[PDB]
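Have a look at the structure below, then the notes.
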Amino acid sequence: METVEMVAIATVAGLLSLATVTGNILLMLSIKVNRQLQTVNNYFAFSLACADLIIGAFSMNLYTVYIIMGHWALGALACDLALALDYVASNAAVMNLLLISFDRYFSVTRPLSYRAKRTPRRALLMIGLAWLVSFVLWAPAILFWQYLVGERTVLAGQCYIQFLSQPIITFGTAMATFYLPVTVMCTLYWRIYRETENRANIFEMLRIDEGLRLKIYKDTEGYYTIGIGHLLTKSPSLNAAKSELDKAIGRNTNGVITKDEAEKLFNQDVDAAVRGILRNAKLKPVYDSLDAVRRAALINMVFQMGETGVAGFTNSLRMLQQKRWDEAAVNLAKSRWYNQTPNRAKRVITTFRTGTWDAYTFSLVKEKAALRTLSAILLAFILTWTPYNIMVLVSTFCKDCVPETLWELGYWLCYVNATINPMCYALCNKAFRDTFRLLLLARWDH
Ligand SMILES: CCOC(=O)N1CCC[C@H](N2CCC(C(=O)NC3(C)CCC3)CC2)CC1
Ligand SMILES: CCCCCCCC/C=C/CCCCCCCC(=O)O
Ligand SMILES: CCCCCCCC/C=C/CCCCCCCC(=O)O
Ligand SMILES: CCCCCCCC/C=C/CCCCCCCC(=O)O
Ligand SMILES: CCCCCCCC/C=C/CCCCCCCC(=O)O
Ligand SMILES: CCCCCCCC/C=C/CCCCCCCC(=O)O
Ligand SMILES: CCCCCCCC/C=C/CCCCCCCC(=O)O
Ligand SMILES: CCCCCCCC/C=C\CCCCCCCC(=O)O
Ligand SMILES: CCCCCCCC/C=C\CCCCCCCC(=O)O
Ligand SMILES: CCCCCCCC/C=C\CCCCCCCC(=O)O
Ligand SMILES: CCCCCCCC/C=C\CCCCCCCC(=O)O
Ligand SMILES: CCCCCCCC/C=C\CCCCCCCC(=O)O
């Protein structure tokens, strides 16, 4: 290799390493330095940042020395240990994306029953096991394959995994580290998106009908409440209500909360109501029969009158599961419920009639930073790891088809995932972008 090429690769690969080290350090420090970022899902973001910091600092720079020198001059032990660090960190990154996806999946689908398991202690447990499973998966086969075969077939001046020499084995590892994780995460995301728009529609429906209060108030019974009828305490103390609010939110609210904190509290309530419906023998068959829109109209009724109240509408409930909506609408209107809240009752009854949201005027689903970040990091993994996995795919159908130059470039693209991951957080999350900016400006000063 020419000296002109040596300096150029060193500068470009060196700046890439610098951009990767900085970005993942900013991500780790942002979570450390900012309280608003100290959340359960960001424990996984920090864990992912640690894996990407190893890729940037170690893997990238060692790969550069290997390319520039044209051979491996550090010995077989140094080779096998460096391969172990590289594969274990790359797999720990994939396993961390799986932890982010699953946590986000359960927190949206099961907000009540999962956010009782969703502690920083359980995040740390899942993180450690992800790093341990990653090590136990790659490191023993990297170091001991030569001993099971009876020969080290990797030549001196060469560094690669011996068991990956056959393309089908490499394809097997690609199925387990790319194809299956990606299919699992895409399926998890489509469920997360569908649930989010479903839950947002129930929130906007009840916001119109019941009303949203961002400050502590008293309900009809005189108990302290917040949001869309979220009971804080039965205790006749405002400080007891404020303390129960801070325990539920995770911050010193002082009796005032945001719409998103009021939506999170409402989604636990939807889960509590849906648990009741499925446990009630009179509401369970009708709810199972109904579609997503009519399910929300039943939830609306439950939120207003209670479990037994809605169960009192025996003939309307029968007509709704028989798909005779015009008939069900007649019986629902001839009630004390319609007489008290005519505007709200008509809107609910129309929802049961049409099966649409026409009685209300709903906006498209507001994609929150969490959903957007998840989609961005998933697309970042698919984009940067696709070239290498296509190269693996074609190598199974054609022996030595893939040029050495292409393996080299596809490996570099895998590494680029570690560079673009902190960018996904900065583009999607305002709090990350401002903390990254704050930290960079603070470092520039002094
Ligand atoms: C999920 C497990 O991970 C993978 O399936 N991966 C797919 C792409 C290949 C990638 N690396 C790229 C650098 C290569 C290299 O020569 N590294 C040294 C300079 C010699 C030892 C250090 C080794 C292979 C690792 C990540
Ligand atoms: C050489 C060091 C580079 C490392 C920087 C850290 C990576 C994070 C930065 C990239 C994200 C870009 C931020 C711009 C936000 C624009 C928001 C938008 O319009 O959606
Ligand atoms: C956080 C993970 C650890 C980061 C440590 C980074 C060190 C790895 C970088 C590679 C360059 C150093 C390798 C020296 C090889 C040259 C010696 C020789 O010519 O034989
Ligand atoms: C209760 C399920 C057991 C979870 C054990 C997870 C093993 C560690 C590896 C991490 C990545 C694997 C996929 C993520 C599963 C997490 C699901 C959960 O939150 O329980
Ligand atoms: C993502 C999974 C792909 C990784 C492939 C590895 C599969 C696991 C099997 C490995 C068998 C080798 C274990 C090493 C045994 C050590 C023997 C000894 O004591 O010398
Ligand atoms: C995200 C979906 C992307 C679709 C994947 C299809 C595009 C393939 C990607 C390009 C890089 C692969 C390079 C293949 C080189 C092997 C051919 C050869 O023998 O020279
Ligand atoms: C990540 C930003 C870096 C900027 C992109 C430019 C660097 C990538 C390209 C350089 C590698 C060389 C590719 C051309 C093939 C040369 C063939 C050969 O080496 O035999
Ligand atoms: C300061 C660093 C300058 C940036 C590098 C320039 C990158 C431009 C993009 C195209 C890829 C260049 C690859 C060179 C091919 C030469 C082929 C060879 O002889 O190996
Ligand atoms: C021309 C297609 C572009 C493919 C993108 C590959 C990613 C490049 C990013 C990192 C820069 C590393 C410098 C290139 C190393 C030289 C390898 C070689 O061509 O022999
Ligand atoms: C609120 C604070 C956030 C704390 C989150 C802690 C998560 C744990 C992080 C991962 C550590 C994984 C181990 C990394 C190995 C590095 C070893 C090395 O330097 O080679
Ligand atoms: C986990 C802690 C790791 C500690 C770092 C150890 C660094 C490894 C040092 C180099 C030893 C190289 C082994 C020599 C094998 C020669 C084989 C050959 O050249 O074919
Ligand atoms: C025991 C289950 C009964 C269902 C609760 C509904 C009680 C009806 C009366 C009060 C209206 C309050 C406003 C709506 C929010 C209620 C939240 C909830 O308790 O799930």
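Easy rule for this one: first residue shown is 1, then count along the chain.
Method on record in the header is X-ray crystallography, 2.3 Å.
For all residues, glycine too, the Cβ spot is worked out from N, Cα and C.
Per Swiss-Prot, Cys79 makes its disulfide bond with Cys159 among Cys159, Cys186. Long-range neighbours of the topological domain 'Extracellular' (398-404) within the same chain, counting only residues 6 or more positions beyond its ends whose Cβ lies under 8 Å from a Cβ of the stretch, are 167, 391.
Cα to Cα, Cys159 (disulfide bond) and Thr153 (site 'Binds to snake venom muscarinic toxin 7') are separated by 11 Å.
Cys79 (disulfide bond) sits 11 Å from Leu155 (site 'Subtype-specific residue that binds to snake venom muscarinic toxin 7'), taking the CA atoms of both as reference points.
For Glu408 (site 'Subtype-specific residue that binds to snake venom muscarinic toxin 7'), the nearest neighbour among the listed recorded positions (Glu151, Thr153, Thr435), judged by C-alpha distance, is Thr153. Annotation for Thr153 (site 'Binds to snake venom muscarinic toxin 7'): spatial neighbours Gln146, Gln162, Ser165, criterion Cβ-Cβ under 8 Å with sequence separation of six or more.
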